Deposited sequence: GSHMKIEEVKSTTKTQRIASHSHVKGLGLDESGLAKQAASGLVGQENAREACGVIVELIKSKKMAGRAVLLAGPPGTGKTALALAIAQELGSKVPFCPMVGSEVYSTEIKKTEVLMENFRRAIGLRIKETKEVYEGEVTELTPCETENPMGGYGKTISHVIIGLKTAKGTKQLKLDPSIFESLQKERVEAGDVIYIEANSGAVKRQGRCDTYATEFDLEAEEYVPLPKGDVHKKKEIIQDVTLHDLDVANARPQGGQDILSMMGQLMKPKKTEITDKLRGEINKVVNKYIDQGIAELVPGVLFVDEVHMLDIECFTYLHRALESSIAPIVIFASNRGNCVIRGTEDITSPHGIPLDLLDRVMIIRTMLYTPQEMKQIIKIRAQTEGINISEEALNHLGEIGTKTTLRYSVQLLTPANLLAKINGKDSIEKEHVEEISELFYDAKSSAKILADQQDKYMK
């Protein structure tokens, strides 16, 4: 059997024919303004007409930012390329950080050469360019690869499938990476990029204490469209606990569902969805097939949330190391 991870229940955005968001469809619950805005972005990626448009998902942690972009990746399918990328991946020891951004920008534009094969522009970049080493590939190579792909389209052997680059954790880029992203988003070959951050009003890395919203400078925030993600209500937290219980195969009683909903509004959404599998293992240790309230109450005494652990750190700060 396949392993069940986080966002394994996400099977696309829950929209109808009219493009409005359903309250509960395809594993997505709530957040209807962000889901209609992400459905308008999905239509852009499919129109294959625009290039270099940039989307920022913004909000508190635990509010569906990585889940909304993986719902975009499920709504596009495996035909459209998708290139997830953490923003801390640019600090390679082998190549410069703008080359890691440019290699990810070329990895997200696809070409289907026909007998059918799937290739990216970066695959043609490393094919036309001892211990192997990453190399800072010049724009001299990239322009004639763009002419070769243009001749491959004009004889009909190839078909281009522009895709999407997800730069999750965009606040971990430094100021040189944002300033190269100005020139990268201004090109007519760039992929549609979806950025994500949860680090509002923090300093840019690589600068000595200048402050901008989301960790992103105002000259890059001019070029993106913002999608905010408003926090969840108690009722929608319980629906996320219900969907994660059906995804992990866990039966649950309604009183334990009300207790895990009170736990998830007490601490956070993510602590209550990782209380499911330890309470299920405690239920199979006791031999009962479903979780009751005593299993959630005992497992919640065994594991702590970050706020209760911070209260333990504040009460006993002379004992811990600094």
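I have the full deposited sequence and the modelled structure. Can you tell me which residue ranges, counted from 1, have no C-alpha coordinates? No coordinates exist for the deposited residues in 1-14, 129-236, 252-266, so these stretches are absent from the model.
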